[PDB]
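We begin with a single chain expressed as structure tokens, specifically the form deposited in one PDB entry.
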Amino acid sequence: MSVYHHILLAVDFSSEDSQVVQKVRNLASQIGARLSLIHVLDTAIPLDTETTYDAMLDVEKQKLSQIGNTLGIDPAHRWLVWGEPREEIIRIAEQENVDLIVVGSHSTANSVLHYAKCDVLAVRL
């Protein structure tokens, strides 16, 4: 039986994403685990200018989707959430029955690591 069943990858959209993506794909396939994906984004509204929240979200959505598409993850298992990375990472992991969180170091990594209720894989970038 599989040593981990459900691996959550956290990506930050750096140029080094691709190393981690292929590694995590090889990982999950060799051990038989399913993958989910999350990226954490990353008060006065300016009145003299057009806001670009939706366009900015679309860029993020595309980057998430580049990665999601490579990994064959259903959009239902791709997460783009507002908030503090550590907290949001850990809340999705709990909610979604993850048993391995994967993060890159380069922080967020060290905070997820100190508060996660499951194993954490920190991948050197």
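All residue numbers refer to positions in the sequence shown, first residue = 1.
Enquirer: Missing residues between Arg25 and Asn26 in the deposited sequence, please: none, 1 to 3, 4 to 9, or 10 or more.
Expert: Nothing is missing between them.
Enquirer: With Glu84 and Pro85 adjacent in the shown sequence, let me know how many deposited residues between them lack coordinates: none, 1 to 3, 4 to 9, or 10 or more.
Expert: The entry has no gap there; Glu84 and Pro85 are joined directly.
Enquirer: Of the two stretches 51-59 and 89-97, which shows the higher Cα B-factor on average in the entry?
Expert: It is 89-97.
Enquirer: By the recorded C-alpha temperature factor, relative to the other modelled residues in its chain, which third is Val102 in?
Expert: For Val102, whose C-alpha B-factor we compare with every modelled residue in the chain, the answer is the lowest third.
Enquirer: Check where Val120 lands among this chain's C-alpha B-factors and tell me if it's the lowest, middle or highest third.
Expert: According to the entry, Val120 has a C-alpha B-factor in the chain's lowest third.
Enquirer: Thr43: which third of its chain by C-alpha temperature factor?
Expert: As the PDB entry reports it, the C-alpha B-factor of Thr43 lands in the highest third of its chain.
From this point on, the text means the form deposited with a small molecule bound, which you will not see here.
Enquirer: May I ask you to choose, among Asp58, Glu94, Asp42, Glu87, the residue with a heavy atom within 4.5 Å of the small molecule in the deposited complex?
Expert: Checking each option against the small molecule in the deposited complex, the one that comes within 4.5 Å is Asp42.
Enquirer: Considering the small molecule in the deposited complex, find the one stretch among 96-104, 24-32, 45-53, 65-73 with heavy atoms no farther than 4.5 Å from it.
Expert: Careful reading of the contacts points to 96-104.
Enquirer: Would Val3 sit within 4.5 Å of the small molecule in the deposited complex, counting heavy atoms only?
Expert: Judged by the heavy-atom cut-off of 4.5 Å, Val3 is well away from the small molecule in the deposited complex.
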